[PDB]
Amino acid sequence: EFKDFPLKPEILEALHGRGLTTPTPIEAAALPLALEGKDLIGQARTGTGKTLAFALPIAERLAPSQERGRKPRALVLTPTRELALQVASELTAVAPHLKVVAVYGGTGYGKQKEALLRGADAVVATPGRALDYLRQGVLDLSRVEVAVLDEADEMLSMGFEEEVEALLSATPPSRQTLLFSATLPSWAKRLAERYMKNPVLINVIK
């Protein structure tokens, strides 16, 4: 159960307050290495649940800050707007001490910009809108300590390979990288080769 893991009381409170008590098989498998700062690839069948495998480690690794205009120390990339909002919602709830900002197309071009300018600790973004702000200097990725690629195989199918690589290339290689994907197409193995540091593959095979 989550209380078993070594997580700050605020985080356990947040989880407890929300009913989340038992990690899914992929979460239980991935949490230990992720919490310890190591790079990993988490692979499991879609529809089981794995968001806590990267959100808890972001919650735990990052001390809070109130510095206006601060750059984000965590970046989560998702292939769709609806997943960016679901993930930003989860992360916001388990990291109550962090300012989480969702970046995604179709709306809020001005509002999301303003949010990022005021300050952010973690960004959950679709690659389109994110790359826009990257090019404008609005999204600054130079302080990223944890980068997460959520559903790498979908980002490939949606044709975001170029945006994803540009975004990762803008983060410091001192970062921890986590990659989650039901399948591992050649593109994702390459991302692994090029952007990760001796990653452990963790695969719930059946």
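Residue numbers here begin at 1 and follow the sequence given. Between two forms, the rigid core is the largest collection of C-alphas that superpose within 1.5 Å.
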After superposing on the rigid core, the stretch whose C-alphas lie farther from this form in 4 other deposited structures of this protein, comparing 41-49 with 171-179, is 41-49
Between 107-115 and 123-131, greater root mean square CA displacement in 4 other deposited structures of this protein relative to the shown form, after rigid core superposition, belongs to 107-115
Mean B factor on CA atoms, stretches 195-203 and 1-9, record says higher is 1-9
Ranked by mean Cα B-factor in the entry, 97-105 and 74-82, top stretch is 97-105
Max C-alpha B-factor within the set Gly137, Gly42, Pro57, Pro32 falls on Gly137
In terms of its chain's C-alpha B-factors, the third that includes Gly49 is the middle
Of the three thirds of the chain ranked by Cα temperature factor, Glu162 occupies the highest
Tertile call for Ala188 (CA temperature factor, within chain, third-based) is the middle
Sorting the chain's modelled residues by C-alpha B-factor and splitting them into thirds places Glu36 in the middle
Tertile call for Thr126 (CA temperature factor, within chain, third-based) is the lowest
